[PDB]
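K.L.:
Following this: a sequence and the matching experimental structure.
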Amino acid sequence: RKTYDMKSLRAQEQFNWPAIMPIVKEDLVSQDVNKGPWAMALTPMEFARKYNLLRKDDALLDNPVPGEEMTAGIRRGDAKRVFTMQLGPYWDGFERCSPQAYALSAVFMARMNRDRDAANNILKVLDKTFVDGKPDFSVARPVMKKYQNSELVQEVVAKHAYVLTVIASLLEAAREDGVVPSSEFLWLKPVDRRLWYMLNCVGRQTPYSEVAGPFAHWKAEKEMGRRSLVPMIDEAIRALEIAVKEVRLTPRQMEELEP
Amino acid sequence: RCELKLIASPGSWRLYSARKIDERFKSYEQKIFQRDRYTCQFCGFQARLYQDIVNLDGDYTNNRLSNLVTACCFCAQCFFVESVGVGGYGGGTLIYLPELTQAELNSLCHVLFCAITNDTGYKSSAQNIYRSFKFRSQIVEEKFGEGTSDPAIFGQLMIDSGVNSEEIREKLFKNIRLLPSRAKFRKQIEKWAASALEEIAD
Amino acid sequence: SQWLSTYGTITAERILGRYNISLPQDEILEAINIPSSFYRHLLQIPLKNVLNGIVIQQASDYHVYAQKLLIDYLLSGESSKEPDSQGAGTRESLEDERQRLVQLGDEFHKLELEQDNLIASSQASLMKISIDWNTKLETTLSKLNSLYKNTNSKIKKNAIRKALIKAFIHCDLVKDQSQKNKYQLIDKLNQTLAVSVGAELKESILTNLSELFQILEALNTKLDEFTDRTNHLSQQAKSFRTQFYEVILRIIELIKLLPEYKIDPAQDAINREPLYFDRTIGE
Amino acid sequence: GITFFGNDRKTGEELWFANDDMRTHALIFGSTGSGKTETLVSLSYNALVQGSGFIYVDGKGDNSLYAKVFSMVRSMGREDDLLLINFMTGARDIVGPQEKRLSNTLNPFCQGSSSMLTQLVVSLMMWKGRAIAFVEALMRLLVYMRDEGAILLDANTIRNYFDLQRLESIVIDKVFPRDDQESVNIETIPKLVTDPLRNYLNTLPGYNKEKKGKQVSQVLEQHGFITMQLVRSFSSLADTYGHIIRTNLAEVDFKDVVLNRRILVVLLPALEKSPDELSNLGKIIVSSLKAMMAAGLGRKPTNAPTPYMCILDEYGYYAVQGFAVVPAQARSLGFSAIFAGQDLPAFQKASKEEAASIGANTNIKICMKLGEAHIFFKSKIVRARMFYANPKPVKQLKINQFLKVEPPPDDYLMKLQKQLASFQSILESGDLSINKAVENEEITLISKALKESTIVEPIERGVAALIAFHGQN
Amino acid sequence: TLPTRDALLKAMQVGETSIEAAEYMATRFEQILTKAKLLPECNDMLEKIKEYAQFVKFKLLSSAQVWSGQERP
Ligand SMILES: [Zn+2]
């Protein structure tokens, strides 16, 4: 036996725990955030600055709080567009999805019907085949064809409309069989961004800023108890208002934006 | 130069708005605008400000030069009745009248907005027609239930209840027109009026 | 292909219909777009009145919303807040706001009445000039028939009428009126027509077209006076709109601070629905 | 082995530990000059190498620990799994907007499964039992009003309802007052939640059934004597920290954090300087964790393969009754704790009737006598250097903000469901197209004007129809 | 509650110019009166303010072909 460090213990416990296999070869401390494949999620102010939603709120049209000055307001005609676009594709069947979303729904299908060894084996061999070049998801084949037509999975996939919403509700159903942590999708974080934050935001009650459409739609069709093909984002826009009247704007960038 | 069908399609506004920011739809929009002399095919409107290109086959992924046509704000908000009024600018109201096609209603609404906004002595006549248009809007709500006279709620109730067939959709939107509202379209008609009266009288 | 927008097309065609002159078919479209024309100067007077109409429309909608806010106050919140209490600190300033709003209302009605008198006088004078131009055009048309029957180049009546129309549309004699540009329009008519040198015919068409030149020169000074009044009307309209906007902002920032009274967010919505226009519509 | 602790000093070999020994809670004892904080941070790295989000409740007054933990988390890629609530900021200097976001928000009263009764009794600890029955009735009433009424639960509203005349308006005047222009009635509220407050108002000495004016002078001394600790703790929690607690949608709630393996670092300002409110601040966190672990976790979950550790740095100053016990509901969480204190007789100074129980229920003990420590096992004592991880610092310490979404309100979803249930019968019945002919004196005239004209372009035909209509009327 | 006569005359004066404000005055008085007991004295007050709105519509909105060249009387 010998003395250890961060890198030595990480590279020696890489094998017993597969969810640290994508992160063990890189060096993420020296990198900067908001740049690269491994980037932190955006704040609401940085999101509204990136997708160009901001304007100075005119008087007598959207009434400001008298204790609030030198702040910004969001354009609803652009916010509704970007939050509708932040929804995923339609759900029409499990055989028509992304291959990154065909190896997670099989995991939560194995976990929903108490087959945990198969799901843990899928995640382990998937993390190994991701750290070895390009990941293949055909190891998710024999599970998905077995649990596609069970009663609980068909009820959960019938109570929803969109594919991110279906996968988030599948995680919500599968996490009641114990613990399905959100730390085992560090293979999913480089290959997809919207799906990883939709998996990371479910379980919470406050979502991120890159998935507000899918989370508001998930809440709006978990409250009704009905699928809904119309996008229901009418709360989330208002939610962004409550997250954009909080960061104080210096006057140099307050005079810059236009009404 | 086709006719206007009030098409409530569920996955059309997402692809349309996703196209509208990209460069292919923008360069094709400039090509069509130079090809068609900024003329709305649906109602014949003619202006440089706030006009947009729609499809004809419903395919918003595939977009060639032939099927992509140009249209005015009213005839282009007619193609997505499931999200109008909630989509920022642009408004609508469902009315019941069989005497007019949707394109003739859009052309007459352009004429009435030109006679209300930039006044030449015919404000009273256009307001007296627009009154009875709003009264027909009130007539619809007795049949289809209270609250769904606005087109966004009607598109939601349509494509949330599971109808995709052209037969049931054409029998449900029969004898129903989409009158564009003035007070939500004030910025566009005042911009068109100010641009025209500063282009002529300078 | 240098076309005209349909809002301006409807407005221009209907104003030319109000002047009872409907002679050109597509020469209207080639006339009212070019700057060095005559119909553009016959049209440039009431279009500024129409633009002032939309400006006073925005100002009047601001005025209607301010009066609706003060009606919503004055029907309920006058005496439930007695003096020497919480309400009397702002109720007197809201009474001052009521005095300023009724003063602005009387002066804005004075402005609308002066607008109505201006457009009435302008349409009466321009209708007189229009029918005078039509009658003198018929007179000089018969005289041009009698003058061009005996020329060596046989030509019809209507073709030289369209040639005279293109002459008065191509180069202007309404602002730059002098001795040379009249001869320039004469050579433009004789260039639209095939060949005419006319050593006697040139002074003959001078003494015949002197009626049209006199009508145009009488139109020019009246255009100058109408522009001189219309600029002041536009400045008064813009200042009235700005001070109405300040009045509504002060009334709402007063009524936000009242403890036992507040505005209901539904009737305020149905009052605030027609207030979504642009404010920077004047230049 | 699964978890790594240290390497032996004498012969030089490492000493792992197992998950069954780890689920029995550990204990470490070292002074302020022994380097205990870096050892706890290294054990946090040992828990983070296998995907388990440590909860770090620190009360040693360290502002330069968030940089170390953030460098350790960013070193593992799971930067999204981090939440920071900073209780060491200033007092009430956050009003309206803010120049930069300083800390996440935490409100343990909005998503409550009616375990907030137990949460508040262990945040508090026959005047005592009287106050506990009073707050049990109050927590029942406030959770029933949070379930469907327009009242949001936080420290401020309960602090507002700690008075008497509002509660007298609750029970006697049977109306609901708030700090808002509102008049909510109790005539529709059932009897089972309104009776225990009436039974609390019965058992006081001096009561008047008609008015309040005599009984307030009779029983305000007893009311202050039973509610002074609660009103001072809730006044501190609701006035000193208004940007951490007064939210509605809490970014960090302790069921999500232990059920989904997220990392929560909470920093307390001090615990040796003015402990009248700061021990209560730590007790709120440990109380919420204990109440949402023991009695709120809810066909049969399996045991976790990842050991979870809430590394509590000073359990001497904040304390709850029976935190070392873990019920049968929470053994599937893979839960544990690493308690720490300054010195063991100081630990005997620190808590009352508790230092034995935490001494008895925690199996693993570590002694750091002043080369870091030696391990106090059940069988064998071994002198071993602890694990030393030095996280290299980050250029920018950006705390990740969130949104505050809501479900759509019940005044709109009920209307949408009613309109859809009305539209379904219309779409089903087959007689769905409009056929009733209603006519005005206007639409027929404008339709005749559009029909009689023959100009091809529709705009010119429209303006000609408007001309004909104005000429005919 | 019921407003005073001085406040009602101030409401009369504040909407003397615009037609829509006086029509809103009549509609809102009818609304707050059908929320109220609607006494015959309040019916006489409603008749008074309807006479006022009719006088405003009679005196104020008079086109008389102001765009056709015909001036104001
Ligand atoms: Zn059109």
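P.N.:
Nice, thanks for sending it over. Numbering: from 1, shown residues only, chains lettered A, B, ... in the order given.
K.L.:
give me every residue that touches the closest residue in space to residue D:305 that isn't next to it in sequence.
P.N.:
What sits nearest to residue D:305 in space, not counting adjacent residues and going by C-beta to C-beta, 6 or more residues apart in numbering or on different chains, is residue D:334, at 7.1 Å. For every residue, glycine as well, the C-beta is placed using N, CA and C. Residues counted as contacts of residue D:334 (C-beta atoms under 8 Å, 6 or more residues apart in numbering or on different chains) are A:179, D:19, D:23, D:52, D:303-308.
K.L.:
Ignoring the adjacent residues along the chain, who's closest to the residue of chain B found nearest chain C?
P.N.:
Using C-beta to the nearest C-beta, the closest approach of chain B to chain C is made by residue B:196 at 3.2 Å. Leaving aside its sequence neighbours, residue B:196 sits nearest to residue C:8 (C-beta to C-beta, 6+ apart; 3.2 Å).
K.L.:
Which strand or helix spans the one you found?
P.N.:
With secondary structure defined by DSSP states H and E, residue C:8 is part of helix C:6-18.
K.L.:
cool, and residue B:112?
P.N.:
helix B:102-117.
K.L.:
Look up how far chain C lies from the most centrally placed residue in chain D.
P.N.:
In chain D, the residue lying closest to the centroid (C-alpha atoms, centre = their mean) is residue D:108, at 2.9 Å. Separation of residue D:108 from chain C (C-beta to the nearest C-beta, to the nearest Å): 32 Å.
K.L.:
can you tell me how far that residue sits from residue D:155?
P.N.:
9 Å (C-beta to C-beta, to the nearest Å).
K.L.:
and what of residue B:28?
P.N.:
Distance from residue B:28 to residue D:155, by C-beta to C-beta: 58 Å.
K.L.:
swap in residue A:205?
P.N.:
18 Å.
K.L.:
and these two? which has more neighbours close in?
P.N.:
Using other C-beta atoms under 10 Å in any protein chain shown as the criterion, residue A:205 and residue D:155 rank with residue D:155 on top: 23 against 19.
K.L.:
Would you confirm that that one contacts residue D:109?
P.N.:
Yes - counting by C-beta atoms under 8 Å, residue D:109 is a contact partner of residue D:155 at 7.5 Å.
K.L.:
Flag every residue of chain A that's near chain B.
P.N.:
A:75-78, A:80-81, A:84-85, A:87, A:90, A:226, A:228-231, A:234 (C-beta under 8 Å from any C-beta of the partner chain).
K.L.:
Figure out how far stretch D:27-40 is from the centre of its chain.
P.N.:
Chain-centre distance of stretch D:27-40: 29 Å, with C-alpha atoms, centre = their mean, to the nearest Å.
K.L.:
do stretch D:436-446 as well
P.N.:
A distance of 62 Å separates the centroid of the chain from that of stretch D:436-446, by C-alpha atoms, centre = their mean.
K.L.:
Neighbours of the residue of chain A at minimum distance from the ion, how many?
P.N.:
Going by C-beta to the ion, the ion is nearest to residue A:77 of chain A, at 19.9 Å. When counting by other C-beta under 10 Å, one arrives at 13 neighbours for residue A:77.
K.L.:
what do you get for residue B:35?
P.N.:
By other C-beta under 10 Å, neighbour count at residue B:35 equals 12.
K.L.:
is chain C contacted by the helix or strand hosting it?
P.N.:
Counting by DSSP H and E, the element that carries residue B:35 is helix B:23-36. No - counting by C-beta under 8 Å from any C-beta, chain C is not contacted by helix B:23-36; separation bottoms out at 10.7 Å.
K.L.:
how about the residues of chain E that lie near chain A?
P.N.:
So chain E never meets chain A (C-beta under 8 Å from any C-beta).
K.L.:
same question, chain C
P.N.:
Residues of chain C that fall close to chain A, judged by C-beta under 8 Å from any C-beta: C:245, C:248-249, C:252-253, C:256-257, C:272, C:275-276, C:279.
K.L.:
mind exporting the helix holding residue C:8 as CSV, just the C-alpha atoms?
P.N.:
What follows is helix C:6-18, C-alpha atoms only, in CSV (Å, rounded to 0.1, in the frame of the first residue of the first chain):
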residue,chain,number,x,y,z
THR,C,6,-51.0,49.8,-50.3
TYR,C,7,-51.8,52.0,-47.3
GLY,C,8,-50.4,55.0,-49.1
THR,C,9,-52.2,53.8,-52.3
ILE,C,10,-55.6,53.7,-50.6
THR,C,11,-55.0,57.0,-48.8
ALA,C,12,-53.7,58.8,-51.9
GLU,C,13,-56.4,57.4,-54.2
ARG,C,14,-59.2,58.3,-51.8
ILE,C,15,-57.9,61.9,-51.2
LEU,C,16,-57.6,62.4,-55.0
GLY,C,17,-61.2,61.1,-55.1
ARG,C,18,-62.2,63.7,-52.5
